[PDB]
Ligand SMILES: Cc1ccc(NC(=O)c2ccc(CN3CCN(C)CC3)cc2)cc1Nc1nccc(-c2cccnc2)n1
Ligand SMILES: O=c1ccn([C@@H]2O[C@H](COP(=O)(O)OP(=O)(O)O)[C@@H](O)[C@H]2O)c(=O)[nH]1
Ligand SMILES: O=c1ccn([C@@H]2O[C@H](COP(=O)(O)OP(=O)(O)O)[C@@H](O)[C@H]2O)c(=O)[nH]1
Ligand SMILES: Nc1ccn([C@H]2C[C@H](O)[C@@H](COP(=O)(O)O)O2)c(=O)n1
Ligand SMILES: [Mg+2]
């Protein structure tokens, strides 16, 4: 089977930018991008933007978004496992975010932020729990690449990307998710219902400096982490 | 193997009355109660109550949240029943109080048409339903459907006979809109579904208009009949 690697990080940290660098560095190295486009134009597998609806009235749409987001990821991630990489010697599938960061970082943060009531949040937890243990050892990650950046850098990279929905985001929101990231992957004190995660290796890279051209060091680091996997 | 039959019908038609009768008749006969119907009385049941109270309170906000949890519940209950006591029983039949297809094609459909679910809610629901079902519940495919036919008028009476105070509000107009949905689907079979096999699933239509609580003999004799013909 394929080594499943997850690239984690805050909003605008540099996930797609870095994951594209690695994507290009090898055949049998493939990527599973977060389906942000499906959330942008809700068309069935013209249509509304559920990423916008959530940022505009989070108290109204957080649960509906958080649900479609996770489901769209699950779908995509599975769909890739079946991809050409199946018939390819020594393969590596690089996932842009994971089912673990949807719940324990974003959805968790919204419930805490009072944008999901106890009921909304319980339903989501039971759904995520039940739904995830229906694959077994299928979507289990082999390793995690944490792309570390200040919530300050993120706010600036949000303002470079220039996606309308998120131009309203305050430092405080990024600051909240940052802390959640640090507790999950750096200090590793964020307990999850996924007991295997406890023994999963994490490579933490400080992607604060504009690595777009100065990325050789970052790539040397991934290649070493992957050998040890 | 276990034969899957679903009991379909409008509100207060007599589904829960019939699934109880059938349950008592055979050791080989097991029944799967509607999650909604239960909640119309342990976190899976605690959430149920909460969401159903909000559902009545403001259907414009909780239609998606409800039709979602109520359907995941159904899949979870039915997948659990398949691995139950019937597994090693000589000639087993599993009766389902309403199906995963009625949730979507009658109720969830009606709520999108009521404007209680917007287009974006509706797109996501249809997509969530298409996926959940094609992955997890591919076994929960039906062997047959027993339609419990009753005039919207009959149901309106049996809603009072029931007495659930929230239910006492339900207009005849609402029951008439749901009636025509059932009739188009199961009786005329003009209702188009995303599930291709439902074009050739056998349907026994029973006229539950007369009180069957005490004269259920013939009704069961026609079921016994239908079961052999699968
Ligand atoms: C369980 C429930 C409670 C209330 C409602 N609907 C309403 O209560 C309601 C109220 C007003 C309108 C019309 N009006 C349109 C315009 N907008 C702005 C307001 C509403 C429509 C529906 C649906 C449901 N949904 C539902 N879904 C599945 C099953 C059942 C159900 C209920 C009882 C017994 N058996 C099954 N019920
Ligand atoms: O070294 C870097 C990495 C990222 N970015 C910019 O930061 C924004 C967000 O990047 P990305 O989509 O990769 O972030 P993600 O949210 O996927 O982590 C984009 O405008 C990038 O060009 C940048 O200027 N320099
Ligand atoms: O032959 C019958 C069947 C049902 N009922 C009454 O109909 C009401 C609702 O029945 P049920 O719960 O079976 O309906 P469902 O909503 O499940 O279709 C209850 O008060 C029953 O006692 C009745 O009077 N006679
Ligand atoms: N469960 C999730 C997943 C993603 N997002 C948002 C954050 C971004 O605005 C976008 C995904 O792109 P990014 O790579 O910038 O995080 O969706 C969210 O709020 N909740
Ligand atoms: Mg992105």
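All residue numbers here begin at 1 and follow the chain in the order shown.
The deposited model was determined using X-ray crystallography, 3.2 Å.
Even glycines carry a Cβ here, placed using N, Cα and C.
Residues B:34, B:56, B:67, B:98, B:103 are given by Swiss-Prot as substrate binders; from B:119, B:141, B:153, B:167, that same site also lists B:167. Per Swiss-Prot, the residue annotated phosphoserine among B:44, B:63 is B:44. Cα-Cα distances to residue B:34 (substrate binding site) place B:97 within 10 Å, out of the recorded positions B:12, B:42, B:97, B:158. Annotation note: residue B:97 (active site, proton acceptor) sits in a strand segment as assigned by DSSP.
In the structure shown, the C-beta of B:12 has more C-beta neighbours within 10 angstroms than that of any other entry among the binding-site residues B:12, B:161.
Of the listed recorded positions B:42, B:44, B:67, the Cβ environment within 10 Å is emptiest of other Cβ atoms at B:42. Of the listed recorded positions, namely B:34, B:97, B:103, B:167, the sparsest Cβ surroundings within 10 Å are found at B:167. Residues distinguished by a CB atom under 6 angstroms from ligand 1 are absent from the binding-site residues B:34, B:98, B:211.
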